[PDB]
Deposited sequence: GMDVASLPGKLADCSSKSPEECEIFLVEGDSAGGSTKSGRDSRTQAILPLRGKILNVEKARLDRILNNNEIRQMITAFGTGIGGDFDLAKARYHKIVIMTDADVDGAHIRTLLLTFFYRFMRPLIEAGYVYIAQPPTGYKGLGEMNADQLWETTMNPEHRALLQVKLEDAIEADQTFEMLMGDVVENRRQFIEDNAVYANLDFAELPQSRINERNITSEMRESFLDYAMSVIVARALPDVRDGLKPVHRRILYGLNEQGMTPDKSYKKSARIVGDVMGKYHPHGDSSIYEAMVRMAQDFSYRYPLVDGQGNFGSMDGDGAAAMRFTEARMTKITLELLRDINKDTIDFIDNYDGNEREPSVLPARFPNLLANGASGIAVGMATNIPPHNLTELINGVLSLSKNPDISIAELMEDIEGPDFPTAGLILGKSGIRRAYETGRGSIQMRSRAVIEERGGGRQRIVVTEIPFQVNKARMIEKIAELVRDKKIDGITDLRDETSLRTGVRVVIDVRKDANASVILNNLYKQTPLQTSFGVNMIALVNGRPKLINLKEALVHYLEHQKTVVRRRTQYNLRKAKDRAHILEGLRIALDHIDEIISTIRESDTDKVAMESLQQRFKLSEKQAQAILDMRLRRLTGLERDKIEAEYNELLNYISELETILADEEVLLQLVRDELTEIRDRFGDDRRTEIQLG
């Protein structure tokens, strides 16, 4: 990995740590290879503050850093033996780079403290607006960042130790609550110089943490999506990949999304897209995949060069009226594109499909739900702001998993909908049945959500082999496209099969809990929310969307009647119209002449100058009158909706109801007492 310098005189020698060979290459090409060494790492380095020492000392990248510095670790640490008097951290100028920087400072503080004391550690300052240093040309990387003349390094000073120790403990240690508190306390949500090592850690760390929270791992309460899923669906949309049209190569989709909207690795995008295609993961799948999109047995999808994809019908409902000023667009990562900040989301997607995400200081875990039940819930809520969770549960019985199965008891469900937290006990659907000669078997035909069917079956085998469960004489996955899931467990003759089943439910994922933890972005801040808040924020979104959409169609039909007004004047005075144009030299004079003569606006004048001659035929004259008369009718319909809060809300209901009628379906998961 190391690409060393010529000079062995450590006095004048620098080593640069970079994230991988992609940056490595640019760095190598632009360095001064007499004084300047380069060590590429390989992504996130190990967190030494949370890891056992066995594996701190085995980890490659840790090891190689040790070798390169040649000073040994901890007690047996000779400053005098530093092969370099400058260790320069130069990760990418993105948030994951800030995080890899915190990880490294932690390693150095806890294993090479003197190195920091001695003033040998530094932080390079590459320009922003660059995914990694691999996107820079070597000359740029040199001028800006590496050239001893016209560059700016921060030298890491350690002031108070005690404070440093607490900081590393809080930020990087395994007590989440300490970290969570710091985030809350310091996050500001939207509506050779010395650098203190504590200052750097808290600023770098918070930068990462906030970024993961608002812009990675948590879904938005309004549309139920994380950034990656939003930019995927929105890309499908901008490229017209509707279900009527045909499937397009995943690589096209991914390439496009990566380029315009999502400056991150290919596999994060493709894997997100894949899940959205899996009817064992999504209760209402958002992508329609062609090819191998993986199995319940933990199989990956085929590589993105093989598969293809489009929207499902129901994703249309997520995107409807996105170009009717329903929702605010923002700048993409680099200035050159516009992306939606949220989707219209005309059905309640946060709950329908659920969410899961590991952030920093917190996580989220929201189960999926029956859409017929959810919309009935939003209906009841719309007729009654003061409805209770108990009343809402009259409609929303509890979660509805794609994989079906059983939930045991209404009581975890109730806590989760009331507090935002609760454990939910899920079981497989298993029956006991004769197989012949007075012997029996267990048949599992549905397994709990998020359980790998293979791993589950291996577990049972590994219980039968470690002689750790009695009575089982065979185990077979008879699952098949033709017959559905079907896992068979033969039972020894005369053994009690019900007992064996209970044993499996105790000792295998045949029974599994689901720990609800309903954190989402509300005003782009993380909040633990109950069932009713989820539906309130959802309905508040829908109200705004149907209002803005109605306001937009008004401005637009008004703009258009205005033009049809110019054109009807034209048709009534066509001879004089022709005359005015013919007697004009420029287009500028005609425009002025038509405004004055016939009291037309600039826009009308221009639309008349744009009329083609074929529009003076019989049918074309009629269409202009017809389009105009239909449009006045529509304009006054729109005005009705905007002048009356109750007609608007009634529209919201009628629309929800239509979606419930077209996409609603049976409950799959049975909830038992």
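- Gaps in the coordinates relative to the deposited sequence fall at 1-9, 201-210, 693.
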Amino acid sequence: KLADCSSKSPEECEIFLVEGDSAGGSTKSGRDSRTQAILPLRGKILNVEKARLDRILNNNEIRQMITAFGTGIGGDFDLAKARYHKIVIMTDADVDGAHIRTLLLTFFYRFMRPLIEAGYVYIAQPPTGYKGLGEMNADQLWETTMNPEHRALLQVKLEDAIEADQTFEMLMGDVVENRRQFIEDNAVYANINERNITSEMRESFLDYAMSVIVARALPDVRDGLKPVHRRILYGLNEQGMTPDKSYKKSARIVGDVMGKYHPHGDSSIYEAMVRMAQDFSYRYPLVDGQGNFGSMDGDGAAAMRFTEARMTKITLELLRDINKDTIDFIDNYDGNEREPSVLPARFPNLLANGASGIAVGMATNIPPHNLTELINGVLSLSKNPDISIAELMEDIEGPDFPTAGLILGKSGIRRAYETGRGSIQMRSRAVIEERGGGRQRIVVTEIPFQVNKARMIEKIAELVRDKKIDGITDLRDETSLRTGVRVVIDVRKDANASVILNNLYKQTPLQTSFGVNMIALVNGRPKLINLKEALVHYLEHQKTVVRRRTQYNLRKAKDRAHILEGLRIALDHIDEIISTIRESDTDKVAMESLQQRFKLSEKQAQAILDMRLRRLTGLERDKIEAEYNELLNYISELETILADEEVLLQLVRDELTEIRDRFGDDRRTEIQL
From here on, numbers count along this sequence of modelled residues.
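- Between 128-136 and 390-398, it is 128-136 that carries the larger average Cα temperature factor according to the deposited entry.
- The stretch with the higher mean CA B factor, choosing between 115-123 and 557-565, is 115-123.
- Within the group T372, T315, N193, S341, the record's highest C-alpha temperature factor is found at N193.
- Going by the entry's values, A152 shows the largest Cα B-factor out of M273, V431, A152, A217.
- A209: CA B factor lies in the lowest third for its chain, per the PDB record.
- The deposited CA B-factor of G437 belongs to the highest third of values across its chain.
- Among the modelled residues of its chain, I15 has a C-alpha B-factor that falls in the highest third according to the deposited record.
- Sort the chain's modelled residues by C-alpha temperature factor and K157 lands in the highest third, per the entry.
- The deposited CA B-factor of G420 belongs to the lowest third of values across its chain.
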